[PDB]
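One letter stands for each residue in the lines below.
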Amino acid sequence: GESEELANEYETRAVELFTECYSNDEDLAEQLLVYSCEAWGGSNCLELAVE
Amino acid sequence: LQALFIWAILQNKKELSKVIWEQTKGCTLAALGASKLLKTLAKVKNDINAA
């Protein structure tokens, strides 16, 4: 139950930060969507949103 | 005054528009014409923030 609540909190946080980043600039937010963090988990922001 | 209201209303100024709206004679015609212009310009697909 605690890990489910904390999961909901961080997915809300990711959505709300990216809508700010897109609203202030479009091109650099589309730069953000495709980057791999030099192997964070070895994946992408959009791919982790999908999986 | 309706021309300057079109000027301020196109630019999405949102607060100069009300100040100049209060000075206008044809008030409800101004509000309906501005509503129609902005509902058109909200359909332009590039730069969705301005939309």
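For each chain, positions are counted from 1 along the sequence as written; this may not be the entry's numbering. Residues without coordinates are not shown. Chains and ligands are labelled by the order in which they are written, letters from A for the one and numbers from 1 for the other. Remark: the chains included constitute part of a larger assembly, and values are reported for the included chains only. Calculation of side-chain values draws on the structure's entire complement of heavy atoms; hydrogens and water are dropped beforehand.

As recorded in the PDB header, cryo-EM is the method behind this entry, and the stated resolution is 3.21 Å.

Draft legend 1. Summary view of the overall build of chain A. On a plain count of helices and strands, chain A comes out with three helices and zero strands. Comment: elements are numbered from the N terminus, with helices defined as DSSP H or I runs of at least four residues and strands as E runs of at least two. The order of helices and strands in chain A, counted from the N terminus, is α-α-α. Expressed as lengths along the three principal axes of its C-alpha atoms, the size of chain A is roughly 40 × 25 × 15 Å. Relative accessible area decides the class of each residue, using a 1.4 Å probe on protein chains only: under 20% of the type maximum gives buried, over 50% gives exposed, and in between gives partly exposed. Every one of the 51 residues in chain A was classed for burial, and the buried ones make up 6%. Residue burial considers only the protein chains on display, and all accessible areas are found by Shrake-Rupley using a 1.4 Å probe. Total accessible area computed for chain A in this model is approximately 4,600 Å², and 54% of it derives from carbon and sulfur atoms.

Draft legend 2. Seen up close, the nonpolar core. Residue and element names in this part refer to chain B. Each nonpolar core is a collection of buried residues, namely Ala, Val, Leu, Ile, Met, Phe, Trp, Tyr and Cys, held together in the definition by side-chain atoms within 4.5 Å. In terms of nonpolar packing, the biggest core is built from five residues, these being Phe5, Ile9, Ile20, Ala30 and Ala34. At the level of elements, α1 (2–10) and α3 (27–41) are the ones that each hand at least two residues to this core. Setting aside chain neighbours within four positions, we find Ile9 in contact with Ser17, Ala34 and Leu38. Contacts: residue pairs with any heavy atoms within 4.5 Å of one another.

Draft legend 3. How the structure looks around the packing of α1(B) against α3(B). Residue and element names in this part refer to chain B. It is the contact of α1 with α3, at a shortest axis distance of 11 Å, that shows an interaxial angle of 35°. Where α1 crosses over α3, the handedness of that crossing is right-handed. Counting all contacts with α1, which are made through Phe5, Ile9 and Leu10, the residues of α3 involved are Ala30, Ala34, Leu37, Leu38 and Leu41. Partitioned by chemical class, the residues of the contact of α1 with α3 number eight nonpolar, no polar and no charged. Axis geometry follows a simple rule: fit a line to the C-alpha atoms, using only the stretch in contact for helices, then measure angles between N-to-C directions, giving values from 0 to 180 degrees. Here is the rule for handedness: rotate from the far helix to the near one, and if that takes an anticlockwise turn smaller than a right angle the crossing is left-handed, while a clockwise turn gives right-handed. Amino acids are sorted into nonpolar (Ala, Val, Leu, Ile, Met, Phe, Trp, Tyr, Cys and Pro), charged (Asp, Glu, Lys and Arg) and polar (every other residue, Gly among them).

Draft legend 4. Inspection of the environment of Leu32(A) at higher detail. Residues and elements named next belong to chain A. Within the fold, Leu32 resides in helix α2 (residues 27–32). With relative accessibility at 44%, the residue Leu32 sits in the partly exposed group. Each C-alpha atom of the pair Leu32 and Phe18 lies 9.0 Å from the other, and the pair is 14 residues apart in sequence. If we skip the residues at most four places from it in the chain, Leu32 touches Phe18, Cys21 and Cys45.

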